[PDB]
Every structure is written in C-alpha cells, then in structure tokens.
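Take a look at this single chain, the form deposited in one PDB entry, given in structure tokens.
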C-alpha cells in the first residue's frame, strides 16, 4: 500500500478503443527509448482501463521506474497528448501514516489488538511487538490503515482510551 501506490500512475486522455496490452507496449517502448529502465525487461507489469471515463492506471515493477515515467506527461499516443499523474493516495513521504500503539494490556494477542484498530477501517500493515525469548507482548504495536485518511480518526478515537488497567497512547510512529 505505502509502496503499492508508489508503483502506479494515473493516465488520462487515452485514445478511444485502446486496449490494456496496447497501452502496456507503448509505455514499455517509451521507457526503453528514453533510457529510463533500471534493468532489462518490462517496467510496466499491468494496465487497467476505464473505457467510459477515458483513463487508465499503469502498474510498474519498481518505485524508481514509476517516478521516471512521470516524465511522460504530455506524451503523444495515437495522436493524443496523455495526462500522467500520481494516484491520489500516493505518499511522497513513505511511512508518514504508520501508527504507534502503546499502553496495550500485555495479554492481548495480534487478533485482539487488530480488532481494536479495525473499528476504524481495514489495515494494510500491523505488528504487535513481542519478546522473542518468551513470545510475550511488549505492550506496543504498529499499524497502517488501508485508507490513510482514517489515521487521524483512529488517533482521535483511541489515543488516551482507557483499556482496563491501562491508557492507550496512539500517535504517528514518525
């Protein structure tokens, strides 16, 4: 997710009747022509087209090649100038919305702590920190939500929440 949206690009103003394979061939050819590939082979793994709203997403094999492809904004395909942008959920600062959850009762397991977090929406990452010697929870965890706009809702809802004997600390892990 955090690097997932870091490997896709929005493409607007696509030619009528274009196929996903044709778009893929075009962008791979352009990457090779521009000397923008960081390895042999094909930087674009997949494309998904919405015919009716005339846009597509490209999926790249690497974060650096995705960034390189931003240079193609305005490129001509079948006589039309393509609009190239980041996905709206692109994170320019990776990990900016990772949360630290502290003050967890030390008997709670992964699933139980997740059940607390997922009241606000699905998670893309979670881990509960445990003492590797004993397997015992150290009483803190980290997570990231699928929808990064839920992060501040979750902090507002959970930070300072009394959880039996303990008071939660929920903040950006930073």
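Residue numbers count along the first chain shown, from 1.
Per the entry, higher mean C-alpha B factor between 131 to 139 and 42 to 50: Between 42 to 50 and 131 to 139, it is 131 to 139.
Of 24 to 32 and 108 to 116, the stretch whose C-alpha atoms average the higher B-factor in the entry: That would be 108 to 116.
Given 14, 155, 9, 163, the residue at which the Cα B factor reaches its maximum: Largest recorded C-alpha B-factor: 163.
Residue 64 - which third its CA temperature factor falls in, relative to the rest of the chain: It falls in the middle third of the chain.
Assigned third (lowest, middle, highest) for the C-alpha B factor of residue 58: Answer is lowest: the recorded C-alpha B-factor places it there.
CA B-factor ranking of residue 103, expressed as a third of its chain: Middle third.
CA B-factor ranking of residue 70, expressed as a third of its chain: Ranked within chain, residue 70 CA B lands in the lowest tercile.
Third of the chain, ranked by Cα B-factor, where residue 3 sits: Top third by C-alpha B-factor.
Quick note: we don't show the form deposited in another entry, though the next part is all about it.
Closer or farther: C-alpha pair residue 85/residue 153 in that other deposited form, relative to this form, given a change of 3 Å or more: Relative to this form, closer in that other deposited form.
Distance direction in that other deposited form for the C-alpha atoms of residue 117 and residue 89, relative to the displayed form (3 angstroms or more): Residue 117 and residue 89 sit farther apart in that other deposited form.
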